[PDB]
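Worksheet: the structure to be examined is printed underneath.
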Amino acid sequence: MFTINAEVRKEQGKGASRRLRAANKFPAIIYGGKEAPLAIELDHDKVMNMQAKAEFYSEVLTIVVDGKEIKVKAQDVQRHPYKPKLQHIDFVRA
Amino acid sequence: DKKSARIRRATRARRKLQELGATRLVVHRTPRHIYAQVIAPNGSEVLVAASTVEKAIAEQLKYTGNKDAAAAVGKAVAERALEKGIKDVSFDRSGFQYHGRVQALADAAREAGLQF
Amino acid sequence: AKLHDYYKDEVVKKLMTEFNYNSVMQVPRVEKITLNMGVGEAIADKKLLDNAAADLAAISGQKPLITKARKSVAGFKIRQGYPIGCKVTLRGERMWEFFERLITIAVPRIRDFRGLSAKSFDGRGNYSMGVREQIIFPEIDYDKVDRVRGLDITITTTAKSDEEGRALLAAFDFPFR
Amino acid sequence: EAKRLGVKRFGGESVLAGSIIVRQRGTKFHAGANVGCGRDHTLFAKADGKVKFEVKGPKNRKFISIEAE
RNA sequence: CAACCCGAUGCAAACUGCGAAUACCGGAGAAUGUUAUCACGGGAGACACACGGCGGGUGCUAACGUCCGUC
RNA sequence: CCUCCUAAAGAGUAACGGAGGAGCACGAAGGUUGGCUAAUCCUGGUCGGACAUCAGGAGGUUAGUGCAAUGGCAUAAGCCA
RNA sequence: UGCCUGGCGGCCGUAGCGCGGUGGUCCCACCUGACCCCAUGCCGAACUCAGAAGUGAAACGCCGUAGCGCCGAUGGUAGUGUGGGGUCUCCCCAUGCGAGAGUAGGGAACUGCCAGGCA
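So the protein lines, in turn, are chains V, O, F and W.
The first sequence begins at 1 in the deposited numbering and counts up one residue at a time.
The second sequence begins at 2 in the deposited numbering and counts up one residue at a time.
The third sequence begins at 1 in the deposited numbering and counts up one residue at a time.
The fourth sequence begins at 13 in the deposited numbering and counts up one residue at a time.
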C-alpha cells in the first residue's frame, strides 16, 4: 500500500557519503539472508516525508529498485545527533 | 579435585621437556589399571604404549593393578622401546610420587637395558 | 568399627527407608569431626593454651594442631602468626569411639538441657555449634580442671543439604529442640 | 636517567644466539622455543633464525619464539 | 539529611572491556635517481639563529606572551 | 641514584615545569627437591563493641610479593618442610 | 570400524557459566585397615598398599536448552596522512586509510595420536 522509490548505488566511502548528503540525498543498506547485502541511494526530503508516518515502526517496506519489488524492514535507523537530517538507514529483507 | 592437581603438578616437567625436545616416556597410574606410553618430541605421536587392562600383558598378572603388574608393565615398555629404537628417551612420572609402583616400573625399565 | 557397624546396620536402613533413596551411598556419610578451642584469651597467657591442648589430646585420640592468626586488625591489637587456639581433626576409629562415648553419657548430663538446635546449619549440611562448660565431658576431672572453658564442635559430612543433617539427627533420635 | 624500554628486535627479523629480543622491566612476553629469560626478565635468543610473536595461554600471554633457517 | 547499593550522571597530562591514520624497525617486489648508502684517511667552517604553518605545555582558552617535535 | 607525567600509539625530547623514596638489607630474606595457596562478606560463637581466633559457604588475587613508586608474580616471583 | 569411556597436544569465553535429563558394558570415582611402600607442623590431611562390598551417588563424561555469556560482518560514524580554502578557539573541500558501539550472522565447538568396552 505504501510507495517507495529507490535508485542503484555504485560508490562507496566517506567521500561518497559526503557527496550524497550534499546532493540532498543519503545512502542506506539492505542486509540479511543468503542474498548479498547491498547499498541503495535514497533522497532526503521525500524519504523524510515517508518516515514521518507513524506506522513505519510496524510496517513492511516495499522497495522498488531496478524494476523489482522487495519486502524489507528497518530494524535500525542512523540519525544525525541534533540536526533533523538522516545520513544512513538499515533494512532487512523480512 | 585429584586429577586437576596431578595434571598441574606434572605441568612443570611437561612444559620444561618441550624446550629440550626429546622423546619422553610417561606412565599413568590408577589402582584399577596402569598405562604407559613413549611420546615423541612433537608431543602428539607415540612409538609404543601399554595398558594393564589389555590382557596381552596382564595375562600373567594376578590383577591388572599391583606392584608386580607395574614392574611387568615397565619391563614390557622398556623392552618394546629398546627393540623399536627409541635412542635414549627421557623420563616423566606423570607428576606422581616416586616411591611406589611408579618407582618399581622405573627401576624395571632401567634394568631392562635403558640409560635414563 | 564398634559404632560404624551399628550405624551401617540401622541408621542407613532407616535413612534409606524414609528418603526412598535408590543409590546405596545416597544416604549421608560422615567425613570427620572437628573439635576446636577458640577462646581468644591466649594473648593473656600461653600456658592455658598448652593445658587445653593437652586436655583435648587426652579426651581424643590425637593431639590438636594449633591455629595461627588470620588477619591483624589495629583496633583489637592482634598480630600475625601468633597462635590463639587449636583443633582436633577426628577421623577414623578415633572419631567413631569418641563420638560414641560422647553421645552415650555426655549429652544427656548437661545443665539447662533445652535441647540442641536443628536449624543452625552452615548451609550444606555441616552442623557446627559451640558449647561451654567442658566439665561436661568425663575425661576432664576435677584434678586437671583449670577454668571453665568453651569449645566448638562440628560434624563434617558428605551431605550437601540441611535435610541430610536433619535425617542424621533423627537417626541419633534428636531428644528434642 | 631514562632507562631504555621496548622491543629491540621484532618479528620476522633475523637474530643470533645471545641477542636480546625485548628488554622488559616486568614480564610482558614469555620465551618459547630457543628463547631464554634472564635474571632481569630479558628475552634472548639461543639459536640463529627468524623471530616470531604469538598469543596463547589462559590469559592470552604473549610468547616470543625463534625458528631456525 | 545521608553510606554500600540498580540505573546512571560529569571529568581523568600519569584510566582502558576495545582501539586508528600517521612516525620508527625487518623482509620481498616493478620503476627512477651521475652510488644518491657505509667504512677509512686529509681539510675545515659553525657552536646567542630569526620569522611562519602544523599539534600541544604554560598565561586569565585577553596580548606580536612564554617553551616544545616537525616542516 | 631511582619511580610517574608534561612527552604527540618506536626511543629520546625543554622550563626556577609537575609529584615521591633511598645511601638500604640477608650468612637467610639464597639455591635445590617435594608440597600448599589470598584481601572480602555471611552463618554460630562466656568474653564478641560489626571490627582477637575459631568450623562451613562464596570470593579468585582488590591480599601478599621487605623499603617510595613502577611493571610483572597463581606454574607463582607468596607460604611449609 | 558406528557408539561410550580414558590418556597424551593444539586452540584459550564458537571450547565459558546457569538450568533439565542420561551413564556403569569398559574406564573413572567412591573404603575400610594400614602396625607393612609412603607420611602427618594431629589426623591415612594428601599420596601409597586390595579390590570391588556395591553403587553411579558428591564428583566426573555426554545430550538438550541461545537463558546468561562470547565472537561478530556489510554499511555508516568519529578520527587521521597529503594540498588548499574559510568568518583560522574550529569547520569544509579532493584524495588514501579507516574506528569503537551496534545490526545481520555464528555457535551448546572443532581437531591430531593411543588405549578399554559396547558390535
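Where a beta carbon is used, it is the ideal one built from N, C-alpha and C, also for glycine.
Item                                                                                                                                                                  : Value
Do the CB positions of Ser128/F and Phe98/F come within less than 7 Å of each other?                                                                                  : no
Quick check on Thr67/F: does DSSP put it in helix, strand or coil?                                                                                                    : strand
If we count Cβ pairs, one from each stretch, closer than 8 Å, do we get three or more for the stretch 109-125 of chain F versus the stretch 52-72 of chain F?         : no
Could you give the distance in angstroms between the alpha-carbon of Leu18/O and the alpha-carbon of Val47/W?                                                         : 14 Å
Could you check where the alpha helix (DSSP H) with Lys13/F kicks off and where it finishes?                                                                          : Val12 to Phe19
May I ask you to list, following chain order, the residues of the stretch 20-41 of chain O that have a beta carbon less than 9 Å from some beta carbon of chain W?    : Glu20 and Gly22
Going straight from the alpha carbon of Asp112/F to that of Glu133/F, what length do you get?                                                                         : 12 Å
Grab me the residues of residue 210/F's own chain with a C-beta within less than 7 Å of its C-beta, minus the 5 sequence neighbours each way, in chain order.         : Because residue 210/F is not part of the residues shown, which for chain F are 1 to 177, the question remains open.
Taking its Cβ as the centre, do 16 or more other Cβ atoms sit within 10 Å of residue 95/V, making it buried, or is it exposed?                                        : This structure leaves residue 95/V out entirely; chain V is present only between 1 and 94.
Quick check for students: name the residue ranges of the beta strand (DSSP E) that lie wholly in the stretch 59-129 of chain F, counting only runs of 3 or more.      : 65-67 and 85-90
Would you mind giving the Cβ-Cβ distance between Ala70/O and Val49/O, rounded to the nearest angstrom? I have them listed as a contact below 8 Å.                     : About 18 Å separates the two Cβ atoms, so there is no contact after all.
Using only the alpha-carbon positions, how far apart do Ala43/W and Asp66/V sit?                                                                                      : 60 Å
Count Cβ pairs between the stretch 41-56 of chain V and the stretch 1-21 of chain V that sit closer than 8 Å; are there 3 or more?                                    : yes
So who's on the other strand from residue 120/O, going by DSSP bridges?                                                                                               : Absent from the model: residue 120/O. The displayed extent of chain O is 2 to 117, so no value can be given.
Which one of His80/V, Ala94/V and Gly32/V has the shortest CA to CA distance from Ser58/V?                                                                            : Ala94/V
For the ligand NAP, is there any heavy atom lying closer than 6 Å to the beta carbon of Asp60/W?                                                                      : Questions concerning the ligand NAP fall outside what the structure shown contains, since it holds no ligand whatsoever.
Distance, Cα to Cα, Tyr6/F vs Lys87/F?                                                                                                                                : 28 Å
In chain order, what residues of the same chain lie with their CB nearer than 6 Å to the CB of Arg29/F, ignoring the 5 residues before and after it?                  : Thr158
Can you tell me which of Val39/O, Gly96/O, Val103/O and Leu115/O puts its alpha carbon nearest to the alpha carbon of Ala72/O?                                        : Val103/O
Are the beta-carbon atoms belonging to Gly81/F and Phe176/F less than 7 Å from one another?                                                                           : no
Indicate whether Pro32/O and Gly66/O have their beta-carbon atoms separated by less than 7 Å.                                                                         : yes
Helix, strand or coil for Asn72/W per DSSP?                                                                                                                           : coil
What three-state label does DSSP hand residue 108/V in the structure shown?                                                                                           : For chain V, the structure presents residues 1 to 94; residue 108/V sits outside this window and is missing.
Under the rule that 16 or more other beta-carbon atoms within 10 Å means buried, what is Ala167/F, buried or exposed?                                                 : buried
Would you kindly report the start and end of the unbroken beta strand (DSSP E) that includes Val74/O?                                                                 : Premise fails: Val74/O lies in the alpha helix (DSSP H), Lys68 to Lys85, not in any beta strand (DSSP E).
Check for me: the alpha helix (DSSP H) holding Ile8/O runs from which residue to which?                                                                               : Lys4 to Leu21
By Cβ distance below 8 Å, which residues in the same chain neighbour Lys68/O in space, the five residues on each side in sequence not counted?                        : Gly101, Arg102 and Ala105
So for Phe41/W, helix, strand or coil by DSSP?                                                                                                                        : strand
With a threshold of 8 Å, are at least 3 pairs of Cβ atoms found where one atom belongs to the stretch 74-93 of chain V and the other to the stretch 28-39 of chain V? : yes
Would you kindly check if the distance between the Cβ of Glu25/W and the Cβ of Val67/W is under 7 Å?                                                                  : no
Does the Cβ-Cβ distance between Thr54/W and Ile78/W come in under 7 Å?                                                                                                : no
Suppose you measure from the CA of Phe137/F to the CA of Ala52/F; what does that come to, to the nearest Å?                                                           : 13 Å
Output the distance between the C-alpha atoms of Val107/F and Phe174/F, rounded to the nearest integer angstrom.                                                      : 11 Å
To the nearest whole angstrom, what separates the beta carbons of residue 92/W and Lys20/W, a pair I think is in contact under 8 Å?                                   : Past the boundaries of the shown model lies residue 92/W; chain W is included only from 13 to 81, so the question cannot be answered.
If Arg94/F sits next to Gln62/F, beta carbons under 8 Å apart, how far is it from one beta carbon to the other, in whole angstroms?                                   : 6 Å
Is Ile58/O closer than 7 Å to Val47/O when the C-beta atoms are compared?                                                                                             : no
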